[PDB]
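The structure appears right after this line, and notes come after that.
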Amino acid sequence: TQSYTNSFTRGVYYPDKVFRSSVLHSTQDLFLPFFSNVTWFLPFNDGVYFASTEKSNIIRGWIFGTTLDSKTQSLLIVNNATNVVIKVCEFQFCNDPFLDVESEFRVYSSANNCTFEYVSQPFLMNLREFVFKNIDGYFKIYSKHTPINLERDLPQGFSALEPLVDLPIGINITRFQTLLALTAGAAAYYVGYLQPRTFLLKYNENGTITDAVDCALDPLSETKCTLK
Amino acid sequence: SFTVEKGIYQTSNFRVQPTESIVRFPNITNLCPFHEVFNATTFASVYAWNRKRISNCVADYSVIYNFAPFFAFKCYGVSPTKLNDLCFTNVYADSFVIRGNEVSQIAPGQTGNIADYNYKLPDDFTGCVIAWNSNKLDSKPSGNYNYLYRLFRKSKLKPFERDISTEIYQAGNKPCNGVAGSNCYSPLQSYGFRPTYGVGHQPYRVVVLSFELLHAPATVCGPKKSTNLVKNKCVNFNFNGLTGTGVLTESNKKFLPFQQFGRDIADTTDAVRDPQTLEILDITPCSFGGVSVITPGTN
Ligand SMILES: *[C@@H]1O[C@H](CO)[C@@H](O[C@@H]2O[C@H](CO)[C@@H](O)[C@H](O)[C@H]2NC(C)=O)[C@H](O)[C@H]1NC(C)=O
Ligand SMILES: *[C@@H]1O[C@H](CO)[C@@H](O)[C@H](O)[C@H]1NC(C)=O
Ligand SMILES: *[C@@H]1O[C@H](CO)[C@@H](O)[C@H](O)[C@H]1NC(C)=O
Ligand SMILES: *[C@@H]1O[C@H](CO)[C@@H](O)[C@H](O)[C@H]1NC(C)=O
Ligand SMILES: *[C@@H]1O[C@H](CO)[C@@H](O)[C@H](O)[C@H]1NC(C)=O
Ligand SMILES: *[C@@H]1O[C@H](CO)[C@@H](O)[C@H](O)[C@H]1NC(C)=O
Ligand SMILES: *[C@@H]1O[C@H](CO)[C@@H](O)[C@H](O)[C@H]1NC(C)=O
């Protein structure tokens, strides 16, 4: 179910936890290039951009794993009404893992050992944007919940992605999948990728990023980056 | 020179000295529970020894000494006083009950029945060993037979291994065929504990703590102390891994709930939130300047 559409100016997250006010800053990190391909509806590569706008919350949970099998460690996330569970257990998943609503037999056949656990408020709570990146034995995520007017495409605007949680796991991620809870139904979500680039972020006097410039989109933006 | 003409001369500099020091660090909440490895009231058998993994918490070793005088308290790879100053990735706790005079075999390089048939330690073990008497709780006048231990085995044990297989240990040439008798002995033998037994045969409880390192974040470290908070004075500070000297004052910055520090155009720290109590503090450097001497001619 492949499709392609533009990306516009979406997918900018705070590089670190430093407060700045009314200062233009330059950063060299992984970002989603402006005006790029995003697949519409899975190798991990070096990053993932995720979004969805369905109210039914049928999409819930991402399975991160190197082999997507019981052989290698897999990261499982489940968001339900109460909490969220993060595990490093090497489950035996199915070809089409989906929730029953609530047996997990269809999601995975069996569970086995793992050495890490976590519980907190569920991530989910309009267009919801997510970023999943893993580095130096740390799996960091970002999110942003934005009320969006009735539209069939990503709006022309800017919305920063604040960090949520970092986990000292230290396991490689190469593939990831999607999870649904079911009767026939329909879903809509987009997938993007992260690339090493150089940006130029703008901060207001309250410490929030309000605008950005890509330093390799076109010669005028390069001039803006050089002149700061 | 010994003669000075009329003029103003810059001689030296000066700087206000710090008065005291301030250290701040987050609340100590995730205490590693050691009152569960201690107080089990059930330590199982030595041939089936429980293994418990401790991770993702703050571990305080002061609570260890809160128990009865320990018969054996031996530390090999770490100084006992510095247990709270060095921290590792994970810690494993092993517990069982053995005889009084078999304590000396629970150590690297030891040889003996309990050393090589039930619990084998590696040469480079890093950790401490806990052993204290528990005669009053693991002894009955009739006799205790719930604490078994292996007696016969085909081969030795690799370090940090367990075996629960219960089969007839064949010693003769003819097959045992799964029955006991001539040259066919059961491998597990039970202890006997009574209140009148002499020292060296009374039950003893053993707890072993193991430390290790590997390519992963520590995530387990000892309790780190902290000082109070002072303001409006030239003081040193260490606000959760950041070091600097300056004067702490009240700040009016609207930090978002996930920043911890603040910067300026020239990339210098000028605002920090207090880890213990969430509050934004503004820092300024302590005063300094040149010194000039005004003088007419020495004539
Ligand atoms: C579950 O337990 C197994 C052991 O039964 C763990 O396997 C160990 O994993 C560590 C970390 O990769 C290695 O250093 C060891 O050499 C492994 N030992 C064995 C015997 O396999 C496993 O990591 C645990 N966790 C999961 C998710 O399987
Ligand atoms: C986006 O769609 C596909 C994605 O593979 C690509 O071939 C195409 O060149 C991209 N750009 C446009 C404008 O379609
Ligand atoms: C959500 O999942 C957790 C996982 O253990 C479970 O404890 C909880 O009961 C679930 N919520 C509901 C409403 O069942
Ligand atoms: C993941 O696998 C690659 C090779 O496929 C390896 O270099 C890397 O260390 C692995 N990361 C882990 C196990 O965290
Ligand atoms: C920053 O916060 C102050 C106080 O809440 C507010 O008055 C001001 O409008 C904010 N600045 C913005 C939103 O740009
Ligand atoms: C720990 O020892 C004390 C000493 O009597 C006892 O009162 C307490 O119940 C014990 N904790 C347990 C057994 O969990
Ligand atoms: C740390 O403990 C103090 C004393 O009870 C408390 O006032 C403070 O709120 C605690 N810190 C946090 C982050 O809750």
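Each chain in the structure tokens gets a letter, A, B, ..., in the order shown, and its residues are numbered from 1; ligands are numbered from 1 in order too.
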
Interface residues on chain A facing chain B, 10 Å, only C-alpha atoms, written as a list in words: residues 16, 17, 18, 19, 20, 21, 22, 23, 24, 25, 115, 116, 117, 136, 137, 138, 162, 163, 164, 168, 169, 170, 205, 206, 207 and 208 of chain A

Expected selection as a list in words for ligand 3 within 8 Å, only C-alpha atoms and all ligand atoms: residues 78, 79, 80, 81, 82, 83, 84 and 85 of chain A

For the residues in the current selection, export N, CA and C atoms as a PDB file, in the first residue's frame.
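Once everything was written out, this is again-v6.pdb:
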ATOM      1  N   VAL A  78       3.378  -0.885  24.185  1.00  0.00           N
ATOM      2  CA  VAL A  78       1.925  -0.970  24.115  1.00  0.00           C
ATOM      3  C   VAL A  78       1.334   0.211  24.868  1.00  0.00           C
ATOM      4  N   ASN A  79       0.485   0.977  24.192  1.00  0.00           N
ATOM      5  CA  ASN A  79      -0.226   2.095  24.797  1.00  0.00           C
ATOM      6  C   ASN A  79      -1.694   1.721  24.930  1.00  0.00           C
ATOM      7  N   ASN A  80      -2.167   1.600  26.169  1.00  0.00           N
ATOM      8  CA  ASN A  80      -3.583   1.350  26.402  1.00  0.00           C
ATOM      9  C   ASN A  80      -4.149   2.399  27.351  1.00  0.00           C
ATOM     10  N   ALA A  81      -5.368   2.172  27.847  1.00  0.00           N
ATOM     11  CA  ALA A  81      -6.073   3.206  28.598  1.00  0.00           C
ATOM     12  C   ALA A  81      -5.331   3.616  29.865  1.00  0.00           C
ATOM     13  N   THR A  82      -4.562   2.708  30.468  1.00  0.00           N
ATOM     14  CA  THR A  82      -3.964   2.965  31.776  1.00  0.00           C
ATOM     15  C   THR A  82      -2.500   3.388  31.690  1.00  0.00           C
ATOM     16  N   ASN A  83      -1.647   2.566  31.087  1.00  0.00           N
ATOM     17  CA  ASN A  83      -0.209   2.799  31.160  1.00  0.00           C
ATOM     18  C   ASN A  83       0.449   2.325  29.868  1.00  0.00           C
ATOM     19  N   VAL A  84       1.780   2.281  29.882  1.00  0.00           N
ATOM     20  CA  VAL A  84       2.586   1.819  28.759  1.00  0.00           C
ATOM     21  C   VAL A  84       3.633   0.850  29.289  1.00  0.00           C
ATOM     22  N   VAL A  85       3.868  -0.230  28.549  1.00  0.00           N
ATOM     23  CA  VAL A  85       4.810  -1.270  28.944  1.00  0.00           C
ATOM     24  C   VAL A  85       5.913  -1.348  27.900  1.00  0.00           C
TER      25      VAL A  85
END

Spatial neighbours of residue B:179, max dist 12 Å, only C-alpha atoms, sep filter under 3 positions, as a PyMOL selection string: chain B and resi 167-170+174-176+182-186

List as a CSV table (one decimal) with N, CA, C and O atoms, in the first residue's frame the protein and nucleic acid residues lying within 9 Å of ligand 2, with only C-alpha atoms and all ligand atoms counted.
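File result.csv, as written:
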chain,number,residue,atom,x,y,z
A,3,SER,N,2.6,4.8,-1.2
A,3,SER,CA,2.1,6.1,-1.8
A,3,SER,C,3.2,7.1,-1.5
A,3,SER,O,4.1,6.9,-0.6
A,4,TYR,N,3.2,8.3,-2.1
A,4,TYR,CA,4.2,9.3,-1.9
A,4,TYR,C,3.6,10.7,-2.0
A,4,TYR,O,2.7,10.9,-2.7
A,5,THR,N,4.1,11.5,-1.1
A,5,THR,CA,3.7,12.9,-1.0
A,5,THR,C,4.8,13.8,-0.4
A,5,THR,O,5.8,13.3,0.1
A,6,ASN,N,4.6,15.1,-0.5
A,6,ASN,CA,5.6,16.0,0.0
A,6,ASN,C,5.6,16.0,1.5
A,6,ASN,O,4.7,15.6,2.2
A,35,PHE,N,11.1,19.4,2.2
A,35,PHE,CA,10.5,19.1,0.9
A,35,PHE,C,11.1,17.8,0.4
A,35,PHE,O,11.7,17.8,-0.6
A,36,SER,N,10.8,16.7,1.0
A,36,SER,CA,11.3,15.4,0.7
A,36,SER,C,10.2,14.3,0.5
A,36,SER,O,9.0,14.6,0.9
A,37,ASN,N,10.6,13.2,0.0
A,37,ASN,CA,9.7,12.0,0.0
A,37,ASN,C,9.3,11.6,1.4
A,37,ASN,O,10.1,11.5,2.2
A,38,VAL,N,8.0,11.3,1.6
A,38,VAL,CA,7.5,10.6,2.7
A,38,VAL,C,6.5,9.5,2.2
A,38,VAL,O,5.6,9.8,1.4
A,39,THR,N,6.7,8.2,2.6
A,39,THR,CA,5.9,7.2,2.1
A,39,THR,C,4.6,7.2,2.9
A,39,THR,O,4.5,7.5,4.1

Long-range neighbours of residue A:140 as an MDAnalysis selection string, 7 Å cut-off, only C-alpha atoms, 5 positions minimum in chain: chainID A and resid 132:134 165:167

Just to be explicit: take each residue in the selection above, keep N, CA and C atoms, and write the result as a CSV table (one decimal), in the first residue's frame.
chain,number,residue,atom,x,y,z
A,132,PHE,N,11.7,8.4,16.3
A,132,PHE,CA,12.4,7.3,17.1
A,132,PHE,C,13.8,7.2,16.5
A,133,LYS,N,14.8,7.6,17.4
A,133,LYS,CA,16.2,7.5,17.0
A,133,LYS,C,17.0,6.8,18.2
A,134,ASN,N,17.9,6.0,17.8
A,134,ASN,CA,18.7,5.2,18.7
A,134,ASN,C,20.2,5.4,18.4
A,165,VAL,N,11.5,10.5,26.7
A,165,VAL,CA,12.2,9.6,27.6
A,165,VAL,C,13.3,9.0,26.8
A,166,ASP,N,14.4,8.7,27.6
A,166,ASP,CA,15.6,8.0,27.1
A,166,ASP,C,15.8,6.7,27.8
A,167,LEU,N,16.2,5.7,27.1
A,167,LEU,CA,16.3,4.3,27.7
A,167,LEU,C,17.7,3.8,27.4

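The closest residue to ligand 7, picked from B:121, B:4, B:28, B:103 and counting only C-alpha atoms and all ligand atoms, is B:28.
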
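Neighbours of stretch 139-148 of chain B closer than or equal to 7 Å, with only C-alpha atoms counted and sequence neighbours fewer than 5 positions away skipped, come out as residues 44, 45, 188, 189, 190, 191, 192, 193, 194 and 195 of chain B.
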